[PDB]
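Have a look at the structure below before the remarks.
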Amino acid sequence: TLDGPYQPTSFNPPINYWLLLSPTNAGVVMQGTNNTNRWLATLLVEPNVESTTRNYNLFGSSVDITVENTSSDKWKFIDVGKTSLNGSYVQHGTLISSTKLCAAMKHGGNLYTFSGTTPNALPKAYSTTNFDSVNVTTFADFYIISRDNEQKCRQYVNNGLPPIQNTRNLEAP
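For the sequence shown, the positions run 64 to 236 when the deposited numbering is used.
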């Protein structure tokens, strides 16, 4: 099989697969909803950004969100979510990254993303509801890595993608 890259698209991902996103610049990286109780997204903020209100298109709506990135050297991924149609988005996990990669996976009713600071970012679970039916729309090129190969996803998120598009076969010893 071919891990990627795949171009921005919308689909409902199966459980037990990581989607590894490779955005180029700040903005919305990906979003997903179950159309019932969760509307979710990951935002990207470049280094060296003082607290500022930015506009993001989430599910077609114009949403103003106050963001900051105090890191001089690393990019900041921000997980955001709301739990009702008219609810406010709030910021949850963050991933402070030199690689500009983030990732999400549905497993066991939970939604996992990477959080922390590279090269020591780790998967962490959101478990406030059953997330199994949440779809995705990606706004960056992305790769698909099975949970059985989670070690490969961890290594890429923390250390970078290979310089060529052969991820199926490229892994550190």
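Using N, Cα and C, we set each Cβ at its ideal position, and we do this for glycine too.
Item: Considering residue 37, what are the terminal residues of the alpha helix (DSSP H) in which it resides?; Value: There is no way to answer for residue 37, as the model of the chain reaches only from 64 to 236.
Item: Would you call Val220 buried or exposed, if buried means 16 or more other Cβ atoms sit within 10 Å of its Cβ?; Value: buried
Item: Report the residue ranges of all beta strand (DSSP E) runs contained in full by the stretch 150-221; include only those spanning at least 3 residues, in chain order.; Value: 153-160, 165-170, 173-180, 185-189, 199-201 and 205-209
Item: Does the stretch 97-106 come close enough to the stretch 142-157 to have 3 or more Cβ pairs within less than 8 Å?; Value: yes
Item: What residues match up with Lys139 in a beta bridge as DSSP calls it?; Value: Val108 and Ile159
Item: One question on the structure: do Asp204 and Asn79 come within less than 9 Å of each other, judged by their Cβ atoms?; Value: no
Item: Taking the alpha carbon of residue 237 as the reference point, which residue from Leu83, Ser124 and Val197 has its own alpha carbon closest?; Value: Look at the range of the chain in this structure, 64 to 236, and you will see that residue 237 is not part of it.
Item: Can you give me the start and stop residues for the beta strand (DSSP E) that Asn132 sits inside?; Value: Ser124 to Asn132
Item: Would you report the Cα separation of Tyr152 and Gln214, rounded to the nearest angstrom?; Value: 31 Å
Item: Compute the Euclidean distance between the alpha carbons of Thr116 and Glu131, then round it to the nearest angstrom.; Value: 9 Å
Item: Rounded to a whole number of angstroms, what is the C-alpha to C-alpha distance between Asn88 and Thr200?; Value: 17 Å
Item: Short check: CB of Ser85 to CB of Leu224, under 9 Å?; Value: yes
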